[PDB]
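Participant: Take this structure, written in structure tokens, and hold onto it; I'll ask about it next.
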Amino acid sequence: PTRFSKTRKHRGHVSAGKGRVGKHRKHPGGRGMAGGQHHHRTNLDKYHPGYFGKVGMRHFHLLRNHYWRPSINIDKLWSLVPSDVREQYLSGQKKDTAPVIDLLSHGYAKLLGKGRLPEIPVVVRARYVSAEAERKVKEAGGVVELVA
Amino acid sequence: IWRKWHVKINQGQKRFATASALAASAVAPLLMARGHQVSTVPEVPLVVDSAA
Amino acid sequence: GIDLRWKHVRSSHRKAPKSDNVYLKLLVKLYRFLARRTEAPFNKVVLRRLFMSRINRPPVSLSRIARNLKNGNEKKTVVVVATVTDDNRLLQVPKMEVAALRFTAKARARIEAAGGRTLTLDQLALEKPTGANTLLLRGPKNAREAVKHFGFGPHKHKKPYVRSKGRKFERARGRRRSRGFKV
Amino acid sequence: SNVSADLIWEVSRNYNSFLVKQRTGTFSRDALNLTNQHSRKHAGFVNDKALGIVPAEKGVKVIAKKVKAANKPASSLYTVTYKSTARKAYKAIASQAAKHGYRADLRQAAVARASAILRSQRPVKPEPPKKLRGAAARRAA
Amino acid sequence: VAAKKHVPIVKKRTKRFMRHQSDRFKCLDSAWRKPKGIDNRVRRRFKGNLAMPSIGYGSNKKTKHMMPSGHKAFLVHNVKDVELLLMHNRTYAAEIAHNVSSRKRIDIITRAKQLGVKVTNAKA
RNA sequence: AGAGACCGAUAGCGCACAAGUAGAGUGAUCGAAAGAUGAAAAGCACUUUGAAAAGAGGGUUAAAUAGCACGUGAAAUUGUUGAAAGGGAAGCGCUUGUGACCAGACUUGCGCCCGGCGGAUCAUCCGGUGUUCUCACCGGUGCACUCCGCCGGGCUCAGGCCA
RNA sequence: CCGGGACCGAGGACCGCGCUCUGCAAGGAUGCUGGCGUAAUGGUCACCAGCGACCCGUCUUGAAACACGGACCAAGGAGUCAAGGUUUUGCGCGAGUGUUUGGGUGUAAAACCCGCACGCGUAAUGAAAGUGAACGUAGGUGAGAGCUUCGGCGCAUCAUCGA
RNA sequence: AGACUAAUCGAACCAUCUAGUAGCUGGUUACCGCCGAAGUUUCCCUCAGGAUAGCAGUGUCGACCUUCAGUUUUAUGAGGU
RNA sequence: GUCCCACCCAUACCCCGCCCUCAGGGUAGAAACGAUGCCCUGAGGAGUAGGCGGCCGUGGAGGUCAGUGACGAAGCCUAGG
């Protein structure tokens, strides 16, 4: 909508708000990132430190699929079972059954461990697992298998 | 010819907005203020028999 | 002449909401009345927060309210002029009595399943018109992604605007000391 | 509920099909609006109880709203025609307004509108012919 | 019918704020325009030049928009419009639109004479 | 072939018209201006002055203030008539004066007393209907120191401009 | 303590502070009287008169300049659109969010419905192989709006010592 | 003779690339209200120009925190005109 | 050259009226209100480059005035309001 924009309030004032001494010429300073090392160095060194230079080794023909392994913490593990079944377990009316959660189906590969866990035995099937995660799931009463 | 002619809005807001309109369609003071001639109609939500 | 340093200096805080919600306008009328004809500072503070903008009213969560429900507060009224959301980590929800601006679908369901009550601000003024036995809460104001870029500079440990994250982007010179200098 | 007189005023406080806005004041063309001003106090089509006066063939015709049958406009208007005497009509209207708490603030306005309608229903007096002063005195000669 | 009682009417000015240099060029309407030149005389407020419209020239808020008789103008188009002035005999005055047929004009004046409303543009 | 929150004769393609035409250059090439009488030509018979172009009468039309220089017809610029000023510029701002021209406002309203005229019908009660359930409408009775409309006389209050 | 003169009369039931206290000069002007009811008061325009008044736009420390453009009039005439960022305002949902590449259907370029994948976010750090977030009621200290059984509990945020 | 090559020659004329680039001249269209500057520091084949800090506007938020001050008094230090 | 009386006028100072901007208050067992309204109180008003707010006009689109018009719409002229 152009009916309310600052260009409609400039009609009648010569120079259209761009100044009388500096007249808004075409390209004073150069096009693009010109002068990066010469007259725009102050900007490129107060901000963006690290722009120039080379670092690290290179890698020909990277295939991103080789590096697919999304993770999941340990406090969100209980959010993988439906709500109605979940409340039955946490409220304490089963006492004799344990859920076998399969991370791979729900789209996870590694089970990291960050939070706490309630003292109910479970069974986890993962591709990768961390040292801290293993300890917590084991002291709760369950075990973790490797499935590939 | 490549200015932005059409626009895109959320389906949630579409349904919210159309629901609000149906609700206001049952308030007789609004019917008058918008310009209709309903000073005769028996009930403000009309429902015909459907046999007719 | 009068030789002053300031003149015709406007205020600095909002004096009316900039939104045009019809239901929100009703709240403002009601609390204008209450704050004018009462002496409880609870009413005046609630009035001002009704004007604020979405970045000045951050969301609170069941865990944050649950934190303040300890050490002898299990029977006060929590009031939050903001949205109230659910927390997927709190495994067992205590018994509460909340008065908020709007809840989420799951947040409302879980509170009423534990055996509490969810109110609105009009009902709150009808039950406790002076704020007795209440406690006001806020959300985390500095928890936006856009606040980690403020005041960027050398020796500041802030976040830069980069189009991607990886090896080739703003690492070579000025960060590591092995290529020139460091910040 | 979520509907009320106050809410309806919020929706129509800015524009409605009964409004006539131009420079030097705004007016409203309603049947149930006394004094034809645009205000919450006088907007009849929003309040749950209002009054209106319309000139009949010999007298006035007073109309009010029945708070119970609000969702049925066919029978939601109490109508009575006063055609007997000015003073008796004045008394009946004032009592109808401010005796049972049915908008006791429109008493003074209801009486005044009745006075205007009856005042206009009289036979008019003839205007006296104009004069011409200096301009047309020369022309008439 | 005379209008309501009111305080006396003061105007504070009667001239029309003509535009600088409109008496010398024919391609310059006399509507006022802000002179925005570097070294203009009127913009610098020299002595002996045209004045400039300020906000200190405004009129009293009680006597704003009233014609010298005491009423305020109201533009009407048909007979249903002059009926909106039923409750305002002593404050407003009707004014017939310029695109109304001659028959409609005489019809309106009859209804207005009954209602006791002053009409300004009434054909002699 | 169908459409548009597009342009409306200096716009929209260079072209709404005998336009890639008229015209320029040895040549490759360059390349315009120009829409609208009236519903219907009913496109002015006849007389008269003039060498003729044309003019004046007289005609057609709702209109010739539409006459093939044709719908509407602004400004720059020009003619006639009417008013006024001018000793090496004119124009302009503040304030009176003379002359010309002109919009408003007032020309009654309310109330009381006496006399006259005309009418259906004041308070009250009974029946029916509606409604905000105590306030009203309709029908009947009510019949002159009650009520209403008009006229005549007298009286109080108010109402325009300058002092 | 007594005279003489000038300019002004804002407000619109009572409510107050008071005094010389059947009242008052105390929170803002009333009383009596005269002429005229129209060109008389008032307004617009033209001209004479007293005082004042250098040509606009622009660059420049400095413009009325012996600095540049401008004979006059009418129409045309200059910060826009797309992709990608960023902060702020309004809105919907909320640990999730996003229908429209596509399918179903239709009063047909409109409106309405559907879901597998996918994008952003929920986890960082190293060049890399790799590893991967709770001792405490998610810590201690000084301030903090608000609440409070008056003892205290202390949101957001600021400073500091720790994990 | 840098002379002539269609009134054109120290490199003809015609169409396209082409709306070729410009740190340089010229212009940049209605009204009212409130606030209101700089020609200075550092860097650049920088000196008719840019980035950076400063001066300015708008939007707010925390309290109404009771803190502050181009100033004076009292006590106590430094200076080489 | 020194001293002493009276007098003259700035957009400066004092008092009063009016306009706007900013700040502080009152107004629902509503006989109530363009609550974006009304009422009470105090101070201030210069401005290029520049920033923000409010309003007025033009060509088109949706809704509404049951809008105007051959008994005369649009347009144009007018020391007439």
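Quick note on naming: the chains in the structure tokens go A, B, ... in the order shown, residues restart at 1 in each chain, and ligands are numbered from 1 in order of appearance.
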Pick out the chain A residues within 10 Å of chain E. Count only C-alpha atoms. Give them as a PyMOL selection string.

Facilitator: chain A and resi 12-14

Participant: Run DSSP on the backbone and tell me which residues of region 6-110 of chain D come out as strand (DSSP E or B); list them as an MDAnalysis selection string.

Facilitator: chainID D and resid 19:21 26:28 37 51:55 60:65 77:82

Participant: Take the residues from that selection and write them out as a PDB file, in the first residue's frame, keeping C-alpha atoms.

Facilitator:
```pdb
ATOM      1  CA  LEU D  19     -24.949   6.997  10.331  1.00  0.00           C
ATOM      2  CA  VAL D  20     -24.743  10.342   8.510  1.00  0.00           C
ATOM      3  CA  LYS D  21     -21.342  11.995   8.958  1.00  0.00           C
ATOM      4  CA  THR D  26     -22.830  13.714  13.012  1.00  0.00           C
ATOM      5  CA  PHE D  27     -26.409  12.444  13.028  1.00  0.00           C
ATOM      6  CA  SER D  28     -28.216   9.098  13.044  1.00  0.00           C
ATOM      7  CA  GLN D  37     -27.624  12.097  17.647  1.00  0.00           C
ATOM      8  CA  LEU D  51     -38.031   4.420  22.996  1.00  0.00           C
ATOM      9  CA  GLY D  52     -39.139   6.012  19.751  1.00  0.00           C
ATOM     10  CA  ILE D  53     -41.758   8.501  18.596  1.00  0.00           C
ATOM     11  CA  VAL D  54     -43.235   8.776  15.094  1.00  0.00           C
ATOM     12  CA  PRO D  55     -45.889  11.228  13.823  1.00  0.00           C
ATOM     13  CA  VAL D  60     -48.097  10.642  17.881  1.00  0.00           C
ATOM     14  CA  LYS D  61     -47.261   6.943  17.934  1.00  0.00           C
ATOM     15  CA  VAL D  62     -44.910   5.743  20.670  1.00  0.00           C
ATOM     16  CA  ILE D  63     -42.898   2.552  20.296  1.00  0.00           C
ATOM     17  CA  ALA D  64     -40.783   0.602  22.788  1.00  0.00           C
ATOM     18  CA  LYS D  65     -38.775  -2.618  22.923  1.00  0.00           C
ATOM     19  CA  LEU D  77     -42.255  -3.750  19.659  1.00  0.00           C
ATOM     20  CA  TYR D  78     -44.877  -2.260  21.978  1.00  0.00           C
ATOM     21  CA  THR D  79     -46.952   0.291  20.061  1.00  0.00           C
ATOM     22  CA  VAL D  80     -49.623   2.743  21.249  1.00  0.00           C
ATOM     23  CA  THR D  81     -51.155   5.742  19.476  1.00  0.00           C
ATOM     24  CA  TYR D  82     -51.969   8.890  21.461  1.00  0.00           C
TER      25      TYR D  82
END
```

Participant: Running DSSP on the backbone, which parts of region 34-111 of chain E land in alpha helix (DSSP H), as a count of residues only?

Facilitator: 18

Participant: Which residue is closest to chain D? Choose from E:113, E:118, E:11, E:123 and count only C-alpha atoms.

Facilitator: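 Closest to chain D of all the choices is E:113.
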
Participant: Tell me, as a list in words, which residues lie within 10 Å of residue 91 (chain F), counting only C-alpha atoms (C1' of nucleotides); anything in the same chain fewer than 3 positions away does not count.

Facilitator: residues 21, 23 and 24 of chain E

Participant: For N, CA and C atoms, I'd like the residues from the last selection saved as a compact mmCIF listing (two decimals), in the first residue's frame.

Facilitator:
```txt
# COMPACT_ATOMS: atom_id res chain seq x y z
N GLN E 21 3.84 36.33 -4.51
CA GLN E 21 4.17 36.51 -5.93
C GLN E 21 3.08 35.98 -6.85
N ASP E 23 0.49 37.95 -7.65
CA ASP E 23 0.03 39.14 -8.34
C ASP E 23 0.90 39.51 -9.54
N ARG E 24 1.95 38.74 -9.82
CA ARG E 24 2.84 39.04 -10.92
C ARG E 24 2.86 37.99 -12.01
```

Participant: Identify every residue of chain C that has at least one atom within 6 Å of any atom of chain G, counting only C-alpha atoms (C1' of nucleotides), and report the result as a list in words.

Facilitator: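 Selected residues: residues 135, 137 and 138 of chain C.
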
Participant: Based on the selection just made, write C-alpha atoms of those residues as a short mmCIF file (atom, residue, chain, number, x, y, z; two decimals), in the first residue's frame.

Facilitator:
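After the write, selection_24.cif holds the following:
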```cif
data_model
loop_
_atom_site.label_atom_id
_atom_site.label_comp_id
_atom_site.auth_asym_id
_atom_site.auth_seq_id
_atom_site.Cartn_x
_atom_site.Cartn_y
_atom_site.Cartn_z
CA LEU C 135 0.96 -13.58 43.51
CA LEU C 137 4.35 -13.73 37.80
CA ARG C 138 6.28 -12.82 34.66
#
```

Participant: Return the neighbours of chain E among the residues of chain F, cut-off 12 Å, counting only C-alpha atoms (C1' of nucleotides), as a list in words.

Facilitator: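 Result, ordered by chain then number: residues 75, 76, 90, 91, 92, 93, 94, 103, 104, 105, 106, 108, 109, 159 and 160 of chain F.
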
Participant: Output as a PDB file with N, CA and C atoms (P, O5', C5', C4', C3', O3' and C1' of nucleotides), in the first residue's frame the set of chain G residues within 8 Å of chain E, with distances taken over only C-alpha atoms (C1' of nucleotides).

Facilitator:
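Okay, selection_32.pdb is ready:
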```
ATOM      1  P     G G  52       9.201  54.864   6.595  1.00  0.00           P
ATOM      2  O5'   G G  52       8.913  53.310   6.410  1.00  0.00           O
ATOM      3  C5'   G G  52       9.173  52.397   7.461  1.00  0.00           C
ATOM      4  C4'   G G  52       8.632  51.025   7.157  1.00  0.00           C
ATOM      5  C3'   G G  52       9.270  50.293   5.993  1.00  0.00           C
ATOM      6  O3'   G G  52      10.518  49.713   6.320  1.00  0.00           O
ATOM      7  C1'   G G  52       6.928  50.078   5.867  1.00  0.00           C
ATOM      8  P     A G  53      11.650  49.554   5.193  1.00  0.00           P
ATOM      9  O5'   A G  53      10.989  48.580   4.122  1.00  0.00           O
ATOM     10  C5'   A G  53      10.930  47.183   4.358  1.00  0.00           C
ATOM     11  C4'   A G  53      10.255  46.450   3.226  1.00  0.00           C
ATOM     12  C3'   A G  53      10.928  46.543   1.869  1.00  0.00           C
ATOM     13  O3'   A G  53      12.036  45.673   1.741  1.00  0.00           O
ATOM     14  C1'   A G  53       8.622  46.921   1.618  1.00  0.00           C
ATOM     15  P     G G  57      12.752  31.479  -3.536  1.00  0.00           P
ATOM     16  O5'   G G  57      13.341  30.470  -4.617  1.00  0.00           O
ATOM     17  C5'   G G  57      12.672  29.253  -4.910  1.00  0.00           C
ATOM     18  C4'   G G  57      13.448  28.403  -5.883  1.00  0.00           C
ATOM     19  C3'   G G  57      14.825  27.960  -5.427  1.00  0.00           C
ATOM     20  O3'   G G  57      14.784  26.861  -4.540  1.00  0.00           O
ATOM     21  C1'   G G  57      14.964  28.755  -7.634  1.00  0.00           C
ATOM     22  P     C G  73       2.940  32.438 -17.574  1.00  0.00           P
ATOM     23  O5'   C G  73       1.877  31.682 -18.486  1.00  0.00           O
ATOM     24  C5'   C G  73       0.510  32.054 -18.466  1.00  0.00           C
ATOM     25  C4'   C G  73      -0.300  31.269 -19.467  1.00  0.00           C
ATOM     26  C3'   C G  73      -0.447  29.785 -19.192  1.00  0.00           C
ATOM     27  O3'   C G  73      -1.431  29.503 -18.215  1.00  0.00           O
ATOM     28  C1'   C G  73       0.047  30.132 -21.480  1.00  0.00           C
TER      29        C G  73
END
```

Participant: Enumerate as a PyMOL selection string the residues belonging to chain I that approach chain A to within 12 Å, with only C-alpha atoms (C1' of nucleotides) taken into account.

Facilitator: chain I and resi 48-53

Participant: Mind dumping the selected residues with N, CA and C atoms (P, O5', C5', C4', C3', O3' and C1' of nucleotides) as a PDB file, in the first residue's frame?

Facilitator:
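The file below, out_7.pdb, is the result:
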```pdb
ATOM      1  P     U I  48      12.887  25.068   9.596  1.00  0.00           P
ATOM      2  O5'   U I  48      14.236  25.239   8.773  1.00  0.00           O
ATOM      3  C5'   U I  48      14.241  25.888   7.511  1.00  0.00           C
ATOM      4  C4'   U I  48      15.586  25.770   6.840  1.00  0.00           C
ATOM      5  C3'   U I  48      16.006  24.366   6.436  1.00  0.00           C
ATOM      6  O3'   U I  48      15.493  24.002   5.167  1.00  0.00           O
ATOM      7  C1'   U I  48      17.787  25.452   7.572  1.00  0.00           C
ATOM      8  P     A I  49      15.155  22.472   4.822  1.00  0.00           P
ATOM      9  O5'   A I  49      16.475  21.674   5.216  1.00  0.00           O
ATOM     10  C5'   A I  49      17.609  21.657   4.364  1.00  0.00           C
ATOM     11  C4'   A I  49      18.607  20.622   4.811  1.00  0.00           C
ATOM     12  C3'   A I  49      18.026  19.273   5.181  1.00  0.00           C
ATOM     13  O3'   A I  49      17.732  18.480   4.050  1.00  0.00           O
ATOM     14  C1'   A I  49      19.593  19.927   6.814  1.00  0.00           C
ATOM     15  P     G I  50      16.407  17.578   4.021  1.00  0.00           P
ATOM     16  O5'   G I  50      16.378  16.864   5.444  1.00  0.00           O
ATOM     17  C5'   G I  50      17.145  15.696   5.676  1.00  0.00           C
ATOM     18  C4'   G I  50      17.026  15.207   7.097  1.00  0.00           C
ATOM     19  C3'   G I  50      15.683  14.648   7.517  1.00  0.00           C
ATOM     20  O3'   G I  50      15.454  13.342   7.032  1.00  0.00           O
ATOM     21  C1'   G I  50      16.538  16.026   9.229  1.00  0.00           C
ATOM     22  P     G I  51      13.956  12.796   6.876  1.00  0.00           P
ATOM     23  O5'   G I  51      13.506  12.480   8.369  1.00  0.00           O
ATOM     24  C5'   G I  51      14.134  11.448   9.111  1.00  0.00           C
ATOM     25  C4'   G I  51      13.572  11.343  10.505  1.00  0.00           C
ATOM     26  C3'   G I  51      12.078  11.101  10.604  1.00  0.00           C
ATOM     27  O3'   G I  51      11.740   9.740  10.413  1.00  0.00           O
ATOM     28  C1'   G I  51      12.712  12.794  12.124  1.00  0.00           C
ATOM     29  P     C I  52      10.357   9.336   9.710  1.00  0.00           P
ATOM     30  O5'   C I  52       9.258   9.690  10.804  1.00  0.00           O
ATOM     31  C5'   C I  52       9.036   8.830  11.908  1.00  0.00           C
ATOM     32  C4'   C I  52       8.202   9.497  12.970  1.00  0.00           C
ATOM     33  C3'   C I  52       6.741   9.725  12.633  1.00  0.00           C
ATOM     34  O3'   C I  52       5.946   8.565  12.784  1.00  0.00           O
ATOM     35  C1'   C I  52       7.638  11.682  13.589  1.00  0.00           C
ATOM     36  P     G I  53       4.583   8.411  11.952  1.00  0.00           P
ATOM     37  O5'   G I  53       3.594   9.455  12.634  1.00  0.00           O
ATOM     38  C5'   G I  53       3.096   9.236  13.944  1.00  0.00           C
ATOM     39  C4'   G I  53       2.230  10.378  14.415  1.00  0.00           C
ATOM     40  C3'   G I  53       0.969  10.636  13.614  1.00  0.00           C
ATOM     41  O3'   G I  53      -0.079   9.746  13.941  1.00  0.00           O
ATOM     42  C1'   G I  53       2.063  12.681  14.032  1.00  0.00           C
TER      43        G I  53
END
```

Participant: Against chain I, which residues of chain B fall within 10 Å? For each one I want the closest pair of atoms and the distance in Å (one decimal), counting only C-alpha atoms (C1' of nucleotides), rows by chain and increasing residue number, as CSV.

Facilitator:
```
residue,atom,partner,partner_atom,distance
B:34,CA,I:64,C1',7.7
B:35,CA,I:64,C1',7.0
B:37,CA,I:66,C1',9.6
```

Participant: Contacts from chain F to chain D, 8 Å maximum, only C-alpha atoms (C1' of nucleotides): show me the residue list as a list in words.

Facilitator: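 Taking only C-alpha atoms (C1' of nucleotides) into account, residues 107, 131, 132, 135, 136 and 137 of chain F sit within 8 Å of chain D.
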
Participant: Please report as JSON lines every residue of chain I lying within 10 Å of chain E, along with the nearest atom pair and their distance in Å (one decimal), using only C-alpha atoms (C1' of nucleotides).

Facilitator:
```
{"residue": "I:18", "atom": "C1'", "partner": "E:60", "partner_atom": "CA", "distance": 6.4}
{"residue": "I:19", "atom": "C1'", "partner": "E:56", "partner_atom": "CA", "distance": 4.8}
{"residue": "I:20", "atom": "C1'", "partner": "E:55", "partner_atom": "CA", "distance": 6.5}
{"residue": "I:45", "atom": "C1'", "partner": "E:56", "partner_atom": "CA", "distance": 9.7}
{"residue": "I:47", "atom": "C1'", "partner": "E:44", "partner_atom": "CA", "distance": 9.5}
{"residue": "I:48", "atom": "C1'", "partner": "E:38", "partner_atom": "CA", "distance": 7.6}
{"residue": "I:67", "atom": "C1'", "partner": "E:77", "partner_atom": "CA", "distance": 7.9}
{"residue": "I:68", "atom": "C1'", "partner": "E:99", "partner_atom": "CA", "distance": 6.1}
{"residue": "I:69", "atom": "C1'", "partner": "E:99", "partner_atom": "CA", "distance": 7.5}
{"residue": "I:71", "atom": "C1'", "partner": "E:102", "partner_atom": "CA", "distance": 6.6}
{"residue": "I:72", "atom": "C1'", "partner": "E:101", "partner_atom": "CA", "distance": 7.9}
{"residue": "I:73", "atom": "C1'", "partner": "E:99", "partner_atom": "CA", "distance": 7.9}
```

Participant: Those residues you just picked out, can you put them in a file as a PDB file, in the first residue's frame with N, CA, C and O atoms (P, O5', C5', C4', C3', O3' and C1' of nucleotides)?

Facilitator:
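As written to disk, out-v3.pdb reads:
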```pdb
ATOM      1  P     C I  18     -10.979  33.065  27.638  1.00  0.00           P
ATOM      2  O5'   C I  18     -10.472  32.891  26.143  1.00  0.00           O
ATOM      3  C5'   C I  18     -11.392  32.891  25.066  1.00  0.00           C
ATOM      4  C4'   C I  18     -10.680  32.864  23.740  1.00  0.00           C
ATOM      5  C3'   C I  18      -9.889  31.610  23.433  1.00  0.00           C
ATOM      6  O3'   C I  18     -10.706  30.543  22.993  1.00  0.00           O
ATOM      7  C1'   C I  18      -8.600  33.506  22.886  1.00  0.00           C
ATOM      8  P     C I  19     -10.213  29.027  23.166  1.00  0.00           P
ATOM      9  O5'   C I  19      -9.027  28.887  22.117  1.00  0.00           O
ATOM     10  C5'   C I  19      -9.296  28.853  20.726  1.00  0.00           C
ATOM     11  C4'   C I  19      -8.059  28.528  19.929  1.00  0.00           C
ATOM     12  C3'   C I  19      -7.355  27.238  20.296  1.00  0.00           C
ATOM     13  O3'   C I  19      -7.977  26.109  19.717  1.00  0.00           O
ATOM     14  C1'   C I  19      -5.766  28.974  20.009  1.00  0.00           C
ATOM     15  P     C I  20      -7.958  24.696  20.470  1.00  0.00           P
ATOM     16  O5'   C I  20      -6.439  24.241  20.363  1.00  0.00           O
ATOM     17  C5'   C I  20      -5.954  23.612  19.189  1.00  0.00           C
ATOM     18  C4'   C I  20      -4.450  23.578  19.177  1.00  0.00           C
ATOM     19  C3'   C I  20      -3.814  22.552  20.094  1.00  0.00           C
ATOM     20  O3'   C I  20      -3.769  21.267  19.501  1.00  0.00           O
ATOM     21  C1'   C I  20      -2.723  24.644  20.339  1.00  0.00           C
ATOM     22  P     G I  45       8.017  29.591  25.592  1.00  0.00           P
ATOM     23  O5'   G I  45       7.339  28.913  24.319  1.00  0.00           O
ATOM     24  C5'   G I  45       7.941  27.799  23.666  1.00  0.00           C
ATOM     25  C4'   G I  45       7.214  27.425  22.396  1.00  0.00           C
ATOM     26  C3'   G I  45       7.338  28.426  21.253  1.00  0.00           C
ATOM     27  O3'   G I  45       7.333  27.730  20.009  1.00  0.00           O
ATOM     28  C1'   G I  45       5.060  28.198  21.856  1.00  0.00           C
ATOM     29  P     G I  47       9.195  28.160  14.118  1.00  0.00           P
ATOM     30  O5'   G I  47      10.462  27.687  13.283  1.00  0.00           O
ATOM     31  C5'   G I  47      10.959  28.475  12.212  1.00  0.00           C
ATOM     32  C4'   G I  47      12.420  28.202  11.964  1.00  0.00           C
ATOM     33  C3'   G I  47      12.776  26.768  11.606  1.00  0.00           C
ATOM     34  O3'   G I  47      12.632  26.525  10.218  1.00  0.00           O
ATOM     35  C1'   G I  47      14.211  27.548  13.326  1.00  0.00           C
ATOM     36  P     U I  48      12.887  25.068   9.596  1.00  0.00           P
ATOM     37  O5'   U I  48      14.236  25.239   8.773  1.00  0.00           O
ATOM     38  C5'   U I  48      14.241  25.888   7.511  1.00  0.00           C
ATOM     39  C4'   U I  48      15.586  25.770   6.840  1.00  0.00           C
ATOM     40  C3'   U I  48      16.006  24.366   6.436  1.00  0.00           C
ATOM     41  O3'   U I  48      15.493  24.002   5.167  1.00  0.00           O
ATOM     42  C1'   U I  48      17.787  25.452   7.572  1.00  0.00           C
ATOM     43  P     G I  67     -33.138   6.016  -2.810  1.00  0.00           P
ATOM     44  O5'   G I  67     -32.189   7.291  -2.771  1.00  0.00           O
ATOM     45  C5'   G I  67     -31.999   8.013  -1.565  1.00  0.00           C
ATOM     46  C4'   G I  67     -30.907   9.040  -1.707  1.00  0.00           C
ATOM     47  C3'   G I  67     -30.957   9.881  -2.967  1.00  0.00           C
ATOM     48  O3'   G I  67     -31.910  10.925  -2.905  1.00  0.00           O
ATOM     49  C1'   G I  67     -28.751   9.135  -2.616  1.00  0.00           C
ATOM     50  P     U I  68     -32.912  11.166  -4.133  1.00  0.00           P
ATOM     51  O5'   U I  68     -32.086  12.113  -5.108  1.00  0.00           O
ATOM     52  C5'   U I  68     -31.685  13.406  -4.688  1.00  0.00           C
ATOM     53  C4'   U I  68     -30.796  14.068  -5.707  1.00  0.00           C
ATOM     54  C3'   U I  68     -31.368  14.200  -7.106  1.00  0.00           C
ATOM     55  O3'   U I  68     -32.276  15.276  -7.236  1.00  0.00           O
ATOM     56  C1'   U I  68     -29.157  13.412  -7.245  1.00  0.00           C
ATOM     57  P     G I  69     -33.544  15.137  -8.206  1.00  0.00           P
ATOM     58  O5'   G I  69     -32.887  14.992  -9.648  1.00  0.00           O
ATOM     59  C5'   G I  69     -32.410  16.133 -10.344  1.00  0.00           C
ATOM     60  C4'   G I  69     -31.860  15.772 -11.700  1.00  0.00           C
ATOM     61  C3'   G I  69     -32.831  15.104 -12.658  1.00  0.00           C
ATOM     62  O3'   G I  69     -33.678  16.031 -13.312  1.00  0.00           O
ATOM     63  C1'   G I  69     -30.791  13.916 -12.647  1.00  0.00           C
ATOM     64  P     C I  71     -37.779  18.062 -18.947  1.00  0.00           P
ATOM     65  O5'   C I  71     -37.737  18.799 -17.538  1.00  0.00           O
ATOM     66  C5'   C I  71     -37.423  20.185 -17.455  1.00  0.00           C
ATOM     67  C4'   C I  71     -37.678  20.747 -16.078  1.00  0.00           C
ATOM     68  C3'   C I  71     -36.978  20.019 -14.932  1.00  0.00           C
ATOM     69  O3'   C I  71     -36.616  20.965 -13.927  1.00  0.00           O
ATOM     70  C1'   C I  71     -39.300  20.018 -14.560  1.00  0.00           C
ATOM     71  P     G I  72     -35.218  21.752 -14.002  1.00  0.00           P
ATOM     72  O5'   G I  72     -34.206  20.702 -14.635  1.00  0.00           O
ATOM     73  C5'   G I  72     -33.566  19.723 -13.827  1.00  0.00           C
ATOM     74  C4'   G I  72     -32.338  19.172 -14.505  1.00  0.00           C
ATOM     75  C3'   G I  72     -31.108  20.080 -14.434  1.00  0.00           C
ATOM     76  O3'   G I  72     -29.911  19.306 -14.347  1.00  0.00           O
ATOM     77  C1'   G I  72     -31.679  19.698 -16.687  1.00  0.00           C
ATOM     78  P     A I  73     -28.686  19.823 -13.441  1.00  0.00           P
ATOM     79  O5'   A I  73     -27.687  18.585 -13.388  1.00  0.00           O
ATOM     80  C5'   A I  73     -27.749  17.640 -12.333  1.00  0.00           C
ATOM     81  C4'   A I  73     -26.798  16.496 -12.571  1.00  0.00           C
ATOM     82  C3'   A I  73     -25.351  16.891 -12.814  1.00  0.00           C
ATOM     83  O3'   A I  73     -24.635  17.094 -11.611  1.00  0.00           O
ATOM     84  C1'   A I  73     -26.042  15.389 -14.491  1.00  0.00           C
TER      85        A I  73
END
```

Participant: For region 90-95 of chain A, find every residue with an atom within 12 Å (counting only C-alpha atoms (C1' of nucleotides)), except residues of its own chain fewer than 3 positions away, and show them as a list in words.

Facilitator: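 Counting only C-alpha atoms (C1' of nucleotides), the residues come to residues 78, 79, 81, 83, 84, 85, 86, 87, 98, 99, 117, 118, 119, 120 and 121 of chain A; 90, 91, 92, 93 and 114 of chain C.
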
Participant: As number ranges by chain, could you give me every residue of chain D near chain E (at most 12 Å apart, counting only C-alpha atoms)?

Facilitator: D: 19-31, 33-37, 53-55, 109-127, 129-132
